[PDB]
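Neighbour counts run over all protein chains shown; Cβ positions are idealised from the backbone, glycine included. Nothing in this text is a laboratory measurement; each read-out follows from the coordinates by a stated rule.
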């Protein structure tokens with residue numbers, strides 16, 4: 001029972017880490033779209049790829 | 001008058017008193033273990049249920 005408790009604790013830690021990583025990746029992708037390549041520094045030949 | 005029969009009767013007192021104490025302790029222990037085994041079986045069933053849920 002203690003061994004399975006340790007296994008469940010490890011799996012729940014992995015689940016929390018994976019969900020946090022997924023949310024962090026989503027917000028990081030949104031912020032990278034918003035703050036890096038949509039600004040005036042975008043090359044005009046990439047204006048159609050963005051479209 | 002004689003030690004030799006005196007310590008014979010003293011160790012006889014040892015024998016009878018330890019036998020009486022052993023009788024009482026063994027019978028009380030039989031009843032106590034007979035109920036404690038059922039209590040421990042209930043605890044084992046609870047542990048098995050928690051293990052299945054886990």
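A compact table of results
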read-out: Checking residue B:1 against (1) farther than 30 Å from residue A:3 by Cα; (2) part of a helix (DSSP H, G or I), the condition it does not meet; value: (2)
read-out: Boolean, residue A:15 is surrounded by 10 or more Cβ atoms within 10 Å (Cβ to Cβ), out of contact with any helix residue (DSSP H, G or I) (no Cβ under 8 Å at 6 or more places or on another chain) and either farther than 30 Å from residue B:47 by Cβ or away from chain B (no Cβ under 14 Å) (or both); value: yes
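Here is a yes/no grid of residues against (1) without any contact (Cβ under 8 Å) to a residue 24 or more places away in the chain; (2) over 26 Å from residue B:53 (Cβ atoms); (3) away from chain B (no Cβ under 14 Å); (4) part of a helix (DSSP H, G or I):
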site: A:4; (1), (2), (3), (4): yes, no, no, yes
site: A:21; (1), (2), (3), (4): yes, yes, yes, yes
site: A:24; (1), (2), (3), (4): yes, yes, yes, yes
site: A:35; (1), (2), (3), (4): yes, yes, yes, yes
site: A:41; (1), (2), (3), (4): yes, yes, yes, no
site: A:48; (1), (2), (3), (4): yes, yes, yes, yes
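Okay, residues lined up against (1) out of contact with any helix residue (DSSP H, G or I) (no Cβ under 7 Å at 6 or more places or on another chain); (2) farther than 23 Å from residue A:2 by Cα; (3) more than 14 Å from chain A (Cβ to nearest Cβ); (4) outside any helix (DSSP H, G or I):
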| site | (1), (2), (3), (4) |
| --- | --- |
| B:19 | yes, yes, yes, no |
| B:23 | yes, yes, yes, no |
| B:26 | yes, yes, yes, no |
| B:40 | yes, no, yes, no |
| B:49 | yes, no, no, no |
